[PDB]
Amino acid sequence: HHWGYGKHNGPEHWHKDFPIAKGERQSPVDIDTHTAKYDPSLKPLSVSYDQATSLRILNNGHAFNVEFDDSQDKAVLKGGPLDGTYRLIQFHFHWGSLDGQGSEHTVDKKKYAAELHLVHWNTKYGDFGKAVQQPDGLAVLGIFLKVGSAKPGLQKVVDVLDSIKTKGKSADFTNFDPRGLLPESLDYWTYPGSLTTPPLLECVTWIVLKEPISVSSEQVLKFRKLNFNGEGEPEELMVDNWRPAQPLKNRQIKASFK
Ligand SMILES: [C]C1=[C][C]=C([B]([O])([O])[O])[C]=[C]1
Ligand SMILES: [Zn+2]
């Protein structure tokens with residue numbers, strides 16, 4: 001498959017190879033804050049990242065992934081809408097060419113400058129590959145980024161990007177603390193959806209935090225210097241690697257708050 005974000009291979013084309021792109025539970029969506037309802041059945045959300053063990057950072061030609069050792073019981077997400085325990089495997093971002101766009105989810109149609117996705121798989125299914133054959137296989141914690149003050153906890157990611165400029169490059173990336181990317185509040189919206197890139201599998205419980213984190217203009221500018229292309233190929237800046245909002249269909253978005 002040769003999908004991407006361009007005019008000739010972008011989101012409007014994905015359905016030809018991945019017909020699930022026009023499915024009943026696709027992501028992202030617009031979160032209409034007035035239609036989302038507080039759900040008192042939601043349990044407290046638990047983000048337990050104290051033993052998170054990052055290993056590596058990879059430019060995969062679509063974004064960059066910070067990968068974790070998920071071989072033991074170590075950085076997990078539980079509670080909220082979730083039954084059981086979901087283990088962190090990687091995080092990545094989606095971002096824009098301009099500060100006015102870049103997020104995948106929108107909030108009352110507002111687009112943020114970027115969106116962080118912390119990807120977790122349901123341990124009852126044993127591995128990520130089996131989890132993505134299940135309707136409750138994955139949980140993704142989504143966090144909006146706005147441009148303002150720098151995020152100190154992001155700077156180690158920013159600083160390593162020079163070593164993974166092009167598709168297929170990786171670098172050791174140990175001892176990174178993903179707690180440094182979390183906002184003060186865990187208030188969230190939740191709904192059932194999908195991966196936002198091919199293969200677009202409908203296996204995700206989305207947990208989208210209401211409070212954005214702030215990053216500096218210089219931090220996001222460094223993201224925009226990455227390349228979609230491989231080394232020695234014509235330069236295509238890695239920008240606008242976001243899928244737009246998809247039809248909500250027969251879903252309800254629930255709020256954890258108020
Ligand atoms: C394999 C994979 C994992 C997560 C995502 B995303 O964008 O939905 O977080 C897309 C694809
Ligand atoms: Zn993502």
# chains A, B, ... in the order shown; residues from 1 in each chain; ligands from 1
call {"tool": "residues_near_ligand", "arguments": {"ligand": "ligand 2", "cutoff": "9 Å", "atoms": "only C-alpha atoms and all ligand atoms", "output": "PyMOL selection string"}}
result
chain A and resi 63+91-94+104+115-119+140+142+195-197+242
call {"tool": "write_last_selection", "arguments": {"atoms": "N, CA and C atoms", "output": "compact mmCIF listing (two decimals), in the first residue's frame"}}
result
# COMPACT_ATOMS: atom_id res chain seq x y z
N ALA A 63 4.38 9.57 10.40
CA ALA A 63 4.59 10.33 11.63
C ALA A 63 5.88 9.81 12.24
N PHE A 91 3.50 6.15 21.32
CA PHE A 91 2.76 7.36 21.05
C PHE A 91 3.33 8.03 19.81
N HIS A 92 2.49 8.89 19.21
CA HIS A 92 2.85 9.68 18.06
C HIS A 92 1.95 10.90 18.03
N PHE A 93 2.20 11.79 17.07
CA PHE A 93 1.44 13.02 16.88
C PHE A 93 0.94 13.10 15.44
N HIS A 94 -0.04 13.99 15.28
CA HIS A 94 -0.49 14.51 14.00
C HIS A 94 -0.42 16.03 14.11
N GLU A 104 -6.76 15.97 14.64
CA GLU A 104 -7.66 15.03 13.98
C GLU A 104 -9.07 15.21 14.56
N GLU A 115 -2.12 16.96 17.66
CA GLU A 115 -2.81 15.99 18.52
C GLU A 115 -1.87 14.83 18.80
N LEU A 116 -1.72 14.53 20.08
CA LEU A 116 -0.92 13.41 20.58
C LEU A 116 -1.84 12.21 20.78
N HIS A 117 -1.40 11.05 20.32
CA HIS A 117 -2.09 9.78 20.49
C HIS A 117 -1.18 8.80 21.25
N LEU A 118 -1.61 8.44 22.46
CA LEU A 118 -0.96 7.40 23.26
C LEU A 118 -1.77 6.13 23.05
N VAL A 119 -1.15 5.13 22.41
CA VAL A 119 -1.82 3.93 21.93
C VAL A 119 -1.60 2.78 22.90
N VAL A 140 -7.02 4.59 22.91
CA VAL A 140 -6.12 5.68 22.55
C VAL A 140 -6.49 6.90 23.38
N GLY A 142 -6.07 10.67 23.55
CA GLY A 142 -5.81 11.78 22.66
C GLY A 142 -5.71 13.08 23.42
N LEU A 195 -8.70 3.30 14.24
CA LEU A 195 -7.44 3.89 13.86
C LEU A 195 -7.69 5.03 12.88
N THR A 196 -6.88 6.09 12.94
CA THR A 196 -7.07 7.20 12.02
C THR A 196 -6.16 7.15 10.80
N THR A 197 -5.35 6.10 10.68
CA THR A 197 -4.59 5.83 9.50
C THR A 197 -4.94 4.47 9.00
N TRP A 242 -2.83 14.63 9.15
CA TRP A 242 -4.09 14.44 9.88
C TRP A 242 -5.20 14.05 8.93
call {"tool": "select_by_dssp", "arguments": {"residues": "segment 68-224 of chain A", "states": "alpha helix (DSSP H)", "output": "list in words"}}
result
residues 128, 129, 130, 131, 155, 156, 157, 158, 159, 160, 217, 218, 219, 220, 221, 222 and 223 of chain A
call {"tool": "closest_residue", "arguments": {"among": "A:52, A:76, A:237, A:29", "to": "ligand 1", "atoms": "only C-alpha atoms and all ligand atoms"}}
result
A:29
call {"tool": "closest_residue", "arguments": {"among": "A:193, A:100, A:23, A:178", "to": "residue 208 of chain A", "atoms": "only C-alpha atoms"}}
result
A:193
call {"tool": "closest_residue", "arguments": {"among": "A:144, A:86, A:49, A:128", "to": "ligand 1", "atoms": "only C-alpha atoms and all ligand atoms"}}
result
A:128
call {"tool": "closest_residue", "arguments": {"among": "A:165, A:146, A:158, A:244", "to": "residue 214 of chain A", "atoms": "only C-alpha atoms"}}
result
A:146
call {"tool": "atom_distance", "arguments": {"atom1": "atom CA of residue 39 of chain A", "atom2": "atom CA of residue 257 of chain A"}}
result
7.8 Å
call {"tool": "closest_residue", "arguments": {"among": "A:2, A:110, A:43, A:7", "to": "residue 78 of chain A", "atoms": "only C-alpha atoms"}}
result
A:43
call {"tool": "closest_residue", "arguments": {"among": "A:148, A:153, A:19, A:199", "to": "ligand 1", "atoms": "only C-alpha atoms and all ligand atoms"}}
result
A:199
call {"tool": "select_by_dssp", "arguments": {"residues": "segment 15-200 of chain A", "states": "strand (DSSP E)", "output": "PyMOL selection string"}}
result
chain A and resi 30-31+37-38+45-48+54-59+64-68+76-79+86-95+106-107+114-122+138-147+170-172+188-193
call {"tool": "atom_distance", "arguments": {"atom1": "atom CA of residue 28 of chain A", "atom2": "atom CA of residue 191 of chain A"}}
result
10.2 Å
call {"tool": "residues_around", "arguments": {"residues": "residue 125 of chain A", "least_positions_apart": "4", "cutoff": "12 Å", "atoms": "only C-alpha atoms", "output": "JSON, numbers by chain"}}
result
{"A": [84, 85, 86, 87, 120, 121, 129, 130, 131, 132, 133, 134, 135, 136, 137, 138]}
call {"tool": "residues_around", "arguments": {"residues": "residue 164 of chain A", "least_positions_apart": "4", "cutoff": "8 Å", "atoms": "only C-alpha atoms", "output": "ChimeraX atom specification"}}
result
/A:57-59,160,168-171,226
call {"tool": "write_last_selection", "arguments": {"atoms": "C-alpha atoms", "output": "CSV table (one decimal), in the first residue's frame"}}
result
chain,number,residue,atom,x,y,z
A,57,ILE,CA,11.9,6.6,18.2
A,58,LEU,CA,11.0,5.8,14.6
A,59,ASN,CA,10.1,8.0,11.5
A,160,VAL,CA,16.1,13.9,18.7
A,168,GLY,CA,12.9,4.5,8.0
A,169,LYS,CA,15.3,6.2,10.4
A,170,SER,CA,15.2,5.3,14.1
A,171,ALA,CA,17.1,6.3,17.2
A,226,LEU,CA,10.7,16.2,9.4
call {"tool": "residues_around", "arguments": {"residues": "segment 209-211 of chain A", "least_positions_apart": "5", "cutoff": "7 Å", "atoms": "only C-alpha atoms", "output": "PyMOL selection string"}}
result
chain A and resi 142-143+183+185-189
